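To find a chain, count down the sequence lines: A is the first, B the second, and so on, and within it residues start at 1.
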Amino acid sequence: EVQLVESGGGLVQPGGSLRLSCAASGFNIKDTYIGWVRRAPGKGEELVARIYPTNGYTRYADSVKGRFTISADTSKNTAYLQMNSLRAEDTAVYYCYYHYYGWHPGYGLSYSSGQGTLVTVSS
Amino acid sequence: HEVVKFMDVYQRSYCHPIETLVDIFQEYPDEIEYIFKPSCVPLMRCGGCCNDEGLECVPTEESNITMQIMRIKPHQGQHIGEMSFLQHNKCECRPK
C-alpha cells in the first residue's frame with residue numbers, strides 16, 4: 001500500500017513563496033521519478049518538476065525555470081518543491097506523483113499521484 | 001495534378017506537437033540485456049520547422065503518459081509491465 005503525504009500549499013501574493021513536500025511510504029523513491037504536475041482552471045495537466053533520486057537528475061516546465069527547485073531527501077523518503085517568485089498563472093492544484101523508473105513488472109500500479117495541494121497567487 | 005498551396009504547406013510544417021514514433025531504449029537505456037516490445041511508442045512530440053536557422057522547435061509544456069510494454073530476455077519469456085513517457089503539449093521556436 002503506497003501513501004503519498006502532501007503538505008505546503010496555501011495563498012500568497014505575487015513574488016511570494018511556498019515549499020511543497022511529498023512524503024512517500026510503501027516504496028523507495030530512489031526507484032522512481034518523483035515530482036509534481038499541476039492543473040490550472042481550464043487547462044490540461046502539466047509537468048512542473050521531477051527528480052530521479054538515484055542520481056539527482058531533474059526536469060522542469062519551461063515556465064518555472066529559475067523560480068522553482070525540486071530536491072529529495074532519500075533518508076526521509078520525501079521530495080520537496082521550493083516555489084519562488086510566484087505569479088498569478090501559477091495558481092493551480094499541484095499533485096505529487098511518481099512512477100517507477102524504466103520498466104515496471106506486471107499489472108500492479110506503476111504510476112500514481114496524491115490528493116493535491118491548492119496554490120493560490122492573488123493581489 | 002493537384003499541387004499543395006503555399007499557405008497549406010506553410011501552416012502544416014510549422015513548429016507544433018505531432019505524433020512521433022519514439023524508440024523506447026533511447027528514452028531508457030539502462031538494462032542493455034533486455035529488449036522491449038514494441039521497441040517504439042507513439043508520443044506527441046514537437047516537430048516541424050521554424051524557418052530561421054537560429055530557432056528550434058522545443059517543448060514548453062509536457063505531460064506523462066503510461067503504457068503496457070512487454071519486456072523480453074531473448075530466449076527466455078516475454079513479460080508484461082508498464083512504462084511512462086513524456087509527451088509535448090506545447091511547442092515553440094526559441095533561440096538555439
Side-chain angles (χ1 to χ4, degrees), chain A residues 1-8 19-39 44-65 67-83 92-117 119, chain B residues 20 22-32 34 36 40-46 58-69 71 80-90:
Chain A
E1 327 92 315
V2 326
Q3 268 216 309
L4 306 166
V5 181
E6 292 176 290
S7 54
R19 187 165 162 92
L20 307 191
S21 67
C22 176
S25 60
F27 70 96
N28 203 323
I29 63 166
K30 311 164 104 162
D31 291 340
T32 71
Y33 275 138
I34 184 154
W36 277 265
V37 297
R38 80 193 168 173
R39 282 182 205 258
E45 169 183 294
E46 158 179 53
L47 170 66
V48 176
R50 78 189 188 174
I51 185 163
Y52 186 27
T54 288
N55 64 29
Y57 281 19
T58 54
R59 195 181 171 80
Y60 300 92
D62 182 69
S63 61
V64 315
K65 278 172 183 197
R67 309 154 48 223
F68 292 12
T69 299
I70 186 171
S71 55
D73 178 343
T74 60
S75 72
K76 300 175 148 136
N77 216 43
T78 303
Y80 308 91
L81 186 67
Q82 184 58 68
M83 300 181 281
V93 183
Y94 287 68
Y95 311 80
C96 180
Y97 83 91
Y98 71 86
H99 61 84
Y100 293 93
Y101 185 78
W103 183 83
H104 174 263
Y107 287 98
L109 196 84
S110 70
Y111 178 112
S112 206
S113 47
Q115 260 214 293
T117 57
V119 171
Chain B
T20 300
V22 180
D23 168 76
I24 295 186
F25 180 86
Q26 143 195 315
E27 303 274 298
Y28 290 102
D30 302 281
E31 329 254 325
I32 195 154
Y34 292 92
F36 299 111
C40 78
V41 289
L43 292 183
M44 303 297 294
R45 291 284 171 104
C46 298
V58 293
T60 57
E61 262 149 50
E62 297 192 307
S63 63
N64 292 308
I65 188 167
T66 300
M67 312 170 159
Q68 284 186 321
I69 305 285
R71 187 181 72 172
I80 204 79
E82 292 184 3
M83 292 179 91
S84 292
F85 311 88
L86 292 174
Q87 313 202 92
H88 297 170
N89 298 340
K90 187 191 169 191

Atom pair [atom1]/[atom2] of [X] and [Y] - distance to nearest 0.5 Å:
X: A:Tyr95; Y: A:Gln115; atom1: OH; atom2: CD; value: 9.5 Å
X: A:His99; Y: B:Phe85; atom1: NE2; atom2: CZ; value: 9.5 Å
X: A:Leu4; Y: A:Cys96; atom1: CG; atom2: SG; value: 4.5 Å
X: A:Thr69; Y: A:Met83; atom1: OG1; atom2: CE; value: 11.5 Å

Checking [Y] against [X]: is there a side-chain donor and acceptor pair closer than 3.5 Å?
X: B:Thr66; Y: B:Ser84; answer: yes
X: B:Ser63; Y: B:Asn89; answer: yes
X: A:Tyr98; Y: A:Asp31; answer: no

Before giving the answer on side-chain contact (heavy atoms from CB on, under 4.5 Å), spell out for A:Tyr101 and A:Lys30 the whole-Å C-alpha distance, their side-chain angles and the decisive distance to 0.1 Å.
-> CA-CA 9 Å; A:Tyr101 185 78; A:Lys30 311 164 104 162; over 6 Å; no
What is the minimum heavy-atom distance between [X] and [Y], and which atoms define it?
X: A:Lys65; Y: A:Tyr60; result: CE-O, 3.8 Å
X: B:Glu61; Y: A:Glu46; result: CG-OE2, 3.1 Å
X: A:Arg38; Y: A:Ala92; result: CB-CB, 3.9 Å
X: A:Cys22; Y: A:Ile34; result: SG-CD1, 4.3 Å
X: A:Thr32; Y: A:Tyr52; result: O-CD1, 3.4 Å
X: B:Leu43; Y: B:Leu86; result: CD1-O, 3.9 Å

Electrostatic pair B:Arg45:B:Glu27 at N-O distance under 4.0 angstrom = yes
State plainly whether the residues B:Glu62 and A:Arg59 are in salt-bridge range, i.e. N to O under 4.0 Å.
-> yes
Report the C-alpha distance between A:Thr74 and A:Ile29 in whole Å, list the side-chain angles of each, state the deciding distance to 0.1 Å, and finish with yes or no for side-chain contact (heavy atoms from CB on, under 4.5 Å).
-> CA-CA 7 Å; A:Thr74 60; A:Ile29 63 166; 4.2 Å; yes
List the steps, then state whether side chain to side chain donor-acceptor pair (under 3.5 Å) holds for A:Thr78 with A:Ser21.
-> CA-CA 7 Å; A:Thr78 303; A:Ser21 67; over 6 Å; no
Using the ring of each side chain (for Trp, its six-membered ring), is A:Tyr94 parallel, tilted or perpendicular to A:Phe68, with breaks at 30° and 60°?
-> tilted
For A:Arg39 and A:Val37, run side-chain contact (heavy atoms from CB on, under 4.5 Å): C-alpha distance rounded to whole Å, both residues' side-chain angles, the deciding distance at 0.1 Å, then the answer.
-> CA-CA 7 Å; A:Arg39 282 182 205 258; A:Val37 297; over 6 Å; no
Is there a side-chain contact between A:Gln82 and A:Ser71, using heavy atoms and a 4.5 Å cut-off?
-> no
Do A:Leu81 and A:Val48 have side chains that get closer than 4.5 Å, going by heavy atoms?
-> yes
Please confirm whether B:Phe25 and B:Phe36 have ring centers closer than 6.0 angstrom.
-> no
Where do A:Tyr57 and A:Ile51 land on the side-chain contact (heavy atoms from CB on, under 4.5 Å) test, with the steps shown first?
-> CA-CA 6 Å; A:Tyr57 281 19; A:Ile51 185 163; over 6 Å; no
Please confirm whether A:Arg19 makes a cation-pi placement over A:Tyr80, using NZ or CZ under 6.0 Å from the six-membered ring centre and within 45° of the ring normal.
-> yes
Side-chain donor/acceptor of A:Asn77 to backbone N/O of A:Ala24, under 3.5 Å = yes
Side chain to side chain donor-acceptor pair (under 3.5 Å): which pairs involve residues 103-114 of chain A, sequence neighbours left out?
-> A:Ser110-B:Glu82, A:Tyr111-B:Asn64
